[PDB]
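Here is the structure we will look at.
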Amino acid sequence: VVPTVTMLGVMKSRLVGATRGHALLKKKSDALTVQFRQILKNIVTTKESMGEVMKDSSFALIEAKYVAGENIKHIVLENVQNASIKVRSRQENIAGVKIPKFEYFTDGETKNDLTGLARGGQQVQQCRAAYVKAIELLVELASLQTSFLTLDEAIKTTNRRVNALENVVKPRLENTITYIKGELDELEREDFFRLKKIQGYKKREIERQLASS
Amino acid sequence: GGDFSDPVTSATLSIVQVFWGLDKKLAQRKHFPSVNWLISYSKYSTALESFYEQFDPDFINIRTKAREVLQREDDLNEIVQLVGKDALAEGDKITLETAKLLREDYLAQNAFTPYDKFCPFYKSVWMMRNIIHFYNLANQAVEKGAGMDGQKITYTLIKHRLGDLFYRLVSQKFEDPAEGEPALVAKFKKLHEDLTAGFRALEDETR
Amino acid sequence: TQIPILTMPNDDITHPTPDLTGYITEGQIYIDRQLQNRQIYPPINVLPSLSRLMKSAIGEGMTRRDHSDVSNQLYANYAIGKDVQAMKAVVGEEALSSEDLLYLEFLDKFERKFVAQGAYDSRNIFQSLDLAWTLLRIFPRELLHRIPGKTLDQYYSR
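Here the protein sequences line up with chains H, A and G, keeping their order.
Position one of the first sequence corresponds to residue 9 (UniProt numbering), numbered consecutively onward.
Position one of the second sequence corresponds to residue 417 (UniProt numbering), numbered consecutively onward.
Position one of the third sequence corresponds to residue 327 (UniProt numbering), numbered consecutively onward.
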């Protein structure tokens, strides 16, 4: 870019703004990383639900098999009284990230039931009780994925600003400072020095001419 | 210090017609010609239009195509320096392709080898025609491949199924002109025909 | 005692006169353009401003005992409030904790009730420190980490 005092001021302002924006983006990325760590911890904690509720559902299934032998299956698939599975979605916002929220049958709205099997009460209390845990796990996984993507984007932007933009601007500021002070200021003194030399030469010539008379 | 704001350079460029500017970065990367294709310029391209026409009608157009490819490569590099190699359009990927080839196989010259000490003009013409033909065939495949996935995303597949012709394109610069003018022109023509047939068949196979 | 008023051209300190007088003196009380735009009549940017030897004025015999403590607490809390406002500009302000809102309201009160002194509202240092304590007492007694012991018990009770 062309070096000038106004250009130097503009470059300094751009560097200051870049530093401020980098700090703000680092803060946002840190907050998003904290939220992602919390979501990962929650998912790890709720992973054990997928084992506990599964064991309970297995026990209920064994009890139902011992009660009525082979389930009807086929047309109605049997094995349950609840869980008319229908899923509804919601969008929450955390640190500017649109974290989805999930609700479904036996874990929210859109649920219905009718009759059931012999142990259908037990099956609902164990096999259909895992529905809430599954919905929570799905919501946690979706939130973790969204947070990971947002954190990756923010970290890429922050790293680019720290490495490329600021280190691009600062050499430009140094070159602009050098071009002005290193050349224009030096030339101004040299021009004036040569002018003073011309004046001194004129005075000396006048004095010598007067003395020769 | 390399700055082109020096009084000598400014006064020279105020009157010189053709200007082969050089970049220190390319010299650092052992490029050798070191001619920065983005800043250099030549006002004499207008006068030599008659010579180009009586030589080859293709060159006047493939030159513009190559210049456009270079400008697009510069813009893409500027974008990817911060966005990242992902999320690039397959057309943009095909543009960066053969732009790498033009950089490392056409503009680059060793200048201390039996092959790159001298280079006849029409040899460079055939090199440019081959590179532009590769670019045009790739973008023709991108335009229509019996589906968007089969049209443009297939560059990775091309990199393998067409790898031999790509290697021959990048290695066609290694042949010394002292090996006989008809020999080199025949080799260039054969390479062009082989690449054309292979890529046309591949674009006409499964799509 | 000198309080020379110096104009810094182009609103920067790199100018030869301010940069030259910086070494000779021992402080800098900047007037900030943005605060003037924000219509705060004394636009003194307190956080950038400092006195290189402000410790001598603070003491027991002179002034009041809690001067240094309240000064440091005000400094730190202002910085925190500015940082929290910057964060709320980008985090949507829904995720801010209770302490973040406390610092936000403290920053607003400090800008609109403390700095914005009237052109003729003469304030003795004692009532100025009373105002400082009024702003400070919003935070819990345990939250004012920078305040030493035996001072919170003295003044935090109001």
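Note that CB positions come from ideal geometry on N, CA and C, so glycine has one too.
DSSP puts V105 of chain H in a beta bridge; with which residues?
-> To locate residue 105 of chain H, count along the first sequence from 1; it is residue 97. Partner(s): H:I102.
Whole angstroms is fine: what's the gap from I370 of chain G's alpha carbon to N171 of chain H's?
-> Numbered from its first residue, the third sequence carries residue 370 of chain G at position 44. Numbered from its first residue, the first sequence carries residue 171 of chain H at position 163. The C-alpha of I370 of chain G lies about 35 Å from the C-alpha of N171 of chain H.
What distance in whole Å lies between the Cβ atoms of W453 of chain A and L498 of chain A, which are believed to be in contact at a cut-off of 8 Å?
-> Taking the first residue of the second sequence as 1, we reach residue 498 of chain A at position 82. Taking the first residue of the second sequence as 1, we reach residue 453 of chain A at position 37. Not quite, the Cβ-Cβ distance comes to about 23 Å (not below 8 Å), so this is no contact.
If you draw a straight line from the alpha carbon of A91 of chain H to that of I107 of chain H, how long is it in whole angstroms?
-> On the first sequence, residue 91 of chain H is found 83 positions in, with the first residue counted as 1. On the first sequence, residue 107 of chain H is found 99 positions in, with the first residue counted as 1. In this model, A91 of chain H and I107 of chain H are separated by some 25 Å (Cα to Cα).
Given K35 of chain H as reference, the closest of H:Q153, H:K204 and H:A162 once Cα atoms are compared = The residue given as residue 35 of chain H occupies position 27 in the first sequence. For the residues H:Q153, H:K204 and H:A162, the minimum Cα distance to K35 of chain H belongs to H:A162.
Expressed to the nearest angstrom, what Euclidean distance is found between the alpha-carbon atoms of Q588 of chain A and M564 of chain A?
-> What you label residue 588 of chain A is simply residue 172 of the second sequence in a count that begins at 1. What you label residue 564 of chain A is simply residue 148 of the second sequence in a count that begins at 1. Using only the alpha carbons, I get a separation of about 32 Å.
Chain A contact residues for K210 of chain H, given Cβ-Cβ distances below 9 Å | Within the first sequence, numbered from 1, the residue matching residue 210 of chain H stands at position 202. Within chain A, no residue comes near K210 of chain H; the closest Cβ sits about 29 Å away, beyond 9 Å.
Are at least three pairs of beta-carbons, each pair with one atom in the segment 128–141 of chain H and one in the segment 184–195 of chain H, less than 8 Å apart?
-> no
Just the chain H side, please: which residues come within less than 9 Å of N336 of chain G by C-beta, in chain order?
-> Here residue 336 of chain G corresponds to residue number 10 of the third sequence, with the count starting at 1. Going along chain H in sequence order, the residues near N336 of chain G (Cβ under 9 Å) are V13 and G17.
Can you check whether the CB of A527 of chain A is closer than 7 Å to the CB of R623 of chain A?
-> In the second sequence, counting from the first residue as 1, residue 623 of chain A sits at position 207. In the second sequence, counting from the first residue as 1, residue 527 of chain A sits at position 111. It is not a contact, given that the beta carbons lie outside the stated cut-off.
So, is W542 of chain A buried or exposed, given that buried needs 16 or more other C-beta atoms within 10 angstroms?
-> Here residue 542 of chain A is taken as the residue at index 126 of the second sequence, counted from 1. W542 of chain A should be labelled buried.
With DSSP as the reference, label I80 of chain H as helix, strand or coil.
-> For this step, residue 80 of chain H is matched to residue 72 along the first sequence. Coil.
When the Cα of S458 of chain A is compared with those of A:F604, A:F435, A:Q470 and A:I548, which residue comes out closest?
-> Counting from 1 along the second sequence, the entry for residue 458 of chain A is found at position 42. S458 of chain A has its Cα closest to that of A:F435, out of A:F604, A:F435, A:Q470 and A:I548.
When the Cα atoms are used, what is the spatial distance from residue 223 of chain H to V558 of chain A?
-> This structure gives no information on residue 223 of chain H, because the portion of chain H shown stretches from 9 to 221.
Test: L492 of chain A CB closer than 7 Å to a CB of chain H = Position 76 of the second sequence holds residue 492 of chain A. For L492 of chain A, the answer is no, since every Cβ of chain H falls outside 7 Å of its Cβ.
Given a cut-off of 7 Å, decide if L23 of chain H and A412 of chain G are closer than it, judged by their beta-carbon atoms.
-> Your numbering for residue 412 of chain G matches position 86 in the third sequence. Your numbering for residue 23 of chain H matches position 15 in the first sequence. No; because the gap between Cβ atoms is not below 7 Å, this pair is not in contact.
Count the other CB atoms within 10 Å of the CB of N101 of chain H; is the residue buried (16 or more) or exposed (fewer)?
-> Here residue 101 of chain H corresponds to residue number 93 of the first sequence, with the count starting at 1. Label assigned to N101 of chain H: exposed.
Residues near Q362 of chain G by beta carbon distance below 8 Å, same chain, minus five either side = As a first step, residue 362 of chain G is located in the third sequence; it is residue number 36 there, counting from the start. Contacts found: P369.
Leaving out five residues before and five after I339 of chain G in sequence, what residues of the same chain have Cβ atoms less than 8 Å from its Cβ?
-> Numbered from 1 along the third sequence, position 13 holds the residue referred to as residue 339 of chain G. For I339 of chain G, where only same-chain residues beyond five positions count, the Cβ hits under 8 Å are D345 and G348.
Cβ of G129 of chain H within 7 Å of any chain G Cβ = The sequence position of residue 129 of chain H within the first sequence is 121, counting from 1. Not closer than 7 Å to any Cβ of chain G, the Cβ of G129 of chain H fails to qualify, so no.
How is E111 of chain H classed by DSSP in three states: helix, strand or coil?
-> By one-based count along the first sequence, residue 111 of chain H stands at place 103. Three-state DSSP puts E111 of chain H in a strand.
How about the segment 206–217 of chain H and the segment 56–75 of chain H: do they share at least three Cβ pairs that are nearer than 8 Å?
-> no
Stretch-stretch touch, CB-based, cutoff 8 Å, three pairs: the segment 567–574 of chain A with the segment 506–516 of chain A | Yes, they touch.
Given a threshold of 16 other Cβ atoms within 10 Å of its Cβ, counted over all protein chains shown, does residue 629 of chain A qualify as buried or as exposed?
-> Since the first residue of chain A shown is 417 and the last is 623, residue 629 of chain A is not available in this structure.
Anything in chain G within Cβ reach of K36 of chain H, meaning under 9 Å, just list it in chain order.
-> Within the first sequence, numbered from 1, the residue matching residue 36 of chain H stands at position 28. Simply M413, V416 and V417.
Indicate whether the contact test is met: 3 or more Cβ pairs, each with one atom in the segment 105–124 of chain H and one in the segment 418–437 of chain G, closer than 8 Å.
-> no
Any chance you could list the alpha helix (DSSP H) runs of at least 4 consecutive residues sitting entirely within the segment 433–502 of chain A, in chain order?
-> 440–444, 465–471 and 475–499
DSSP puts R96 of chain H in a beta bridge; with which residues?
-> Position 88 of the first sequence, counted from the start, is the residue given in the question as residue 96 of chain H. Paired residue(s): H:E111.
DSSP three-state call for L376 of chain G: helix, strand or coil?
-> What you label residue 376 of chain G is simply residue 50 of the third sequence in a count that begins at 1. Strand.
N- and C-terminal bounds of the alpha helix (DSSP H) containing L517 of chain A = Here residue 517 of chain A is taken as the residue at index 101 of the second sequence, counted from 1. From DSSP, the alpha helix (DSSP H) with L517 of chain A extends over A515 to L518.
Mind listing the chain G neighbours of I102 of chain H? Cutoff is C-beta to C-beta under 7 Å, in chain order.
-> Here residue 102 of chain H is taken as the residue at index 94 of the first sequence, counted from 1. By Cβ distance, chain G contributes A421.
Going along chain A in order, which residues have a C-beta closer than 7 Å to the C-beta of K164 of chain H?
-> Counting from 1 along the first sequence, the entry for residue 164 of chain H is found at position 156. Near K164 of chain H (Cβ distances below 7 Å), the residues of chain A are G500.
Determine, using beta-carbon pairs with one atom in the segment 140–156 of chain H and one in the segment 472–485 of chain A, whether at least three such pairs fall under 8 Å.
-> no
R98 of chain H vs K109 of chain H beta-carbon contact at 7 Å = Within the first sequence, residue 98 of chain H is the residue found at index 90, counting from 1. Within the first sequence, residue 109 of chain H is the residue found at index 101, counting from 1. Yes, these two residues count as a Cβ contact at 7 Å.
Nearest to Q43 of chain H (by Cα), restricted to the options H:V18, H:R216 and H:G104 = To locate residue 43 of chain H, count along the first sequence from 1; it is residue 35. Among H:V18, H:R216 and H:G104, the Cα nearest to that of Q43 of chain H belongs to H:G104.
When the Cα atoms are used, what is the spatial distance from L438 of chain A to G417 of chain A?
-> Counted from its first residue, the second sequence places residue 438 of chain A at position 22. Counted from its first residue, the second sequence places residue 417 of chain A at position 1. Using only the alpha carbons, I get a separation of about 13 Å.
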